[PDB]
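Undergrad: If you scroll down you'll find the structure; I have some questions about it.
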């Protein structure tokens, strides 16, 4: 309640002939972390296979102490020991000031559909946009089939909004963006945006506590 949630999104390029090792090590990491550690709200491993296979792992913790303990616990020590053998390069990480974080408990299946969007808003239009996207993301969570929406701003630059969202199935996601409220939003914010990268992602392993319901005061 009085603690600030920690939301970090890690990404990196996977070596050509190491997809197998990558999947195994990420599965173990997600399973050993959530099964044993405290203060971990959820971990979400996905993959972008377009051009060059990229790993994405969305990690969310209750506070910075929970996070600091995680980086010292066994799951992470084992995984960070394997990254160099399976990573080609890049190795980026976005740290995010969470604006809205809402979820249900996810039991992944073949239909689970994850998307990650990054939106560079023009600084001139940031105030107005913030209130707009906040509303849209809340409307989305109440849509049937939405399992998770994490919305926040990069701590390196608050004009960079980051949206991670999980749906029960691909139809739920398409119905979401073909809805009047979302189409209207695209039209309304068109000239407020500087750049946008949406990445439909291939789910790898997801585990979470569920029931999260947070909003920055």
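We did not get these values from a lab; they are worked out from the coordinates using the rules stated. Please note: Cβ atoms are built from the backbone with ideal geometry, for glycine as well, and neighbour counts cover all protein chains shown.
Undergrad: Per residue of the chain, what 222 nm ellipticity follows from adding -39500 (n - 2.57) for every DSSP H run with n ≥ 4, rounded to the nearest 500? Numbers along the way, then the final one.
TA: Numbers: 6 runs with 75 residues, N = 217.
That comes out to -11000 deg cm²/dmol.
Undergrad: By how many degrees, between 0 and 90 and to the nearest 10, does the Cα long axis of helix 74-86 differ from the longest principal axis of the chain?
TA: 90
Undergrad: Would you calculate the separation in nanometres between label points at residue 131 and residue 194, each defined as 7 Å from the Cα along the Cα-to-beta-carbon direction?
TA: Result for the modelled spin labels: 2.3 nm.
Undergrad: Shifting gears a bit: Using the beta-carbon distance between residue 92 and residue 180 and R0 = 41 Å, what value does 1/(1 + (r/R0)^6) give for FRET efficiency, to the nearest 0.05? List each step's numbers first, then the result.
TA: Working: r = 36 Å, r/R0 = 0.87.
Approximately 0.70, to the nearest 0.05.
Undergrad: Quick check: Cα centre of the stretch 101-118 to Cα centre of the stretch 18-95, how many Å?
TA: Comparing the Cα centres of the stretch 101-118 and the stretch 18-95, I get a distance of 16 Å.
Undergrad: Additional query: Residue separation times 0.36 nm, minus the C-alpha to C-alpha distance between residue 107 and residue 32: what's the value? Intermediate values should be presented prior to the final figure.
TA: Details: separation 75, 0.36 × 75 = 27.00 nm, distance 1.65 nm.
Between residue 107 and residue 32, full extension yields 25.4 nm more.
Undergrad: Let me ask something else. Where does helix 180-189 land angle-wise versus the long Cα axis of the chain, in degrees 0 to 90, nearest 10?
TA: 90
Undergrad: Report, to the nearest 10°, how far helix 19-36 tilts away from the longest principal axis of the Cα atoms in the chain, using its own Cα long axis and a range of 0 to 90°.
TA: 80
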